[PDB]
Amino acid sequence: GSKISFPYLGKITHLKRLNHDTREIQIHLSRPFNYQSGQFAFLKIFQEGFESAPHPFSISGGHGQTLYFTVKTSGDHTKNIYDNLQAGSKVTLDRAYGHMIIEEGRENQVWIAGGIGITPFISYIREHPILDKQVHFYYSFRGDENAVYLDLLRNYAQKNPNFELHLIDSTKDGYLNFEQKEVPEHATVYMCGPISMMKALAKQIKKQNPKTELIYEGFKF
């Protein structure tokens, strides 16, 4: 307990409904905030009609006094977020958490995202406009209407040729599968999506390419 730490006080400045069920929150904080792309944080909302309990969400962009989250409806709080959350509202955050720093991974990196699991990588893309690493990125989503940030990703491919982008619509091709997929020899694979999808892909990637490093963060929708 050798540090006195105060929560990060914030105001919500902008919101955008990216699709039918996912909403992007832009926050201004009272003082600069440390994180590294791939970490999450615990957000507490103070608006009439909202529970103020802390929910974790992956940080999906920002530096300094700007922080972004992208929320997919999955239950009542998130549904309330999509529907009713309002610019002006006060929020606090404790601090960054997680062991998924994309910076610290190898030169070579494979990225796998299922659904709203793309958020941590949007973080990376947003804060590294020119890309240093070598990236194969697999974005899996259930139907075009569950994809987000498409334009941002395509713009990023155009600016960064060392950025290689695969869009899988799982309803077209079936769940992503890495059995007959090879992996760069000295690569780090990062993954984020439904827990069910993580565990299945971990299995497939530790067996085919058992020499690969693999960091993931699951959740349930």
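The first residue of the sequence shown is number 1, and the count goes up from there.
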_So, looking at the entry's B-factor column for Cα atoms, which has the higher mean, 166 to 174 or 184 to 192?_
184 to 192
*When the C-alpha temperature factors are averaged for each of 7 to 15 and 202 to 210, which stretch ends up with the higher value in the entry?*
202 to 210
*Per the PDB entry, which option out of 100, 118, 71, 130 has the greatest Cα B factor?*
100
_Using only modelled residues of the chain, where does the Cα B factor of residue 49 rank: lowest third, middle third or highest third?_
highest
*Once the chain's modelled residues are ordered by C-alpha B factor and cut into thirds, is residue 160 in the lowest, middle or highest one?*
middle
_Where the record places residue 106 (Cα B-factor, split into thirds across the chain)_ = highest
*asked:* How does the C-alpha B factor of residue 79 compare with the rest of the chain: lowest, middle or highest third?
replied: middle
*asked:* By the recorded C-alpha temperature factor, relative to the other modelled residues in its chain, which third is residue 95 in?
replied: highest
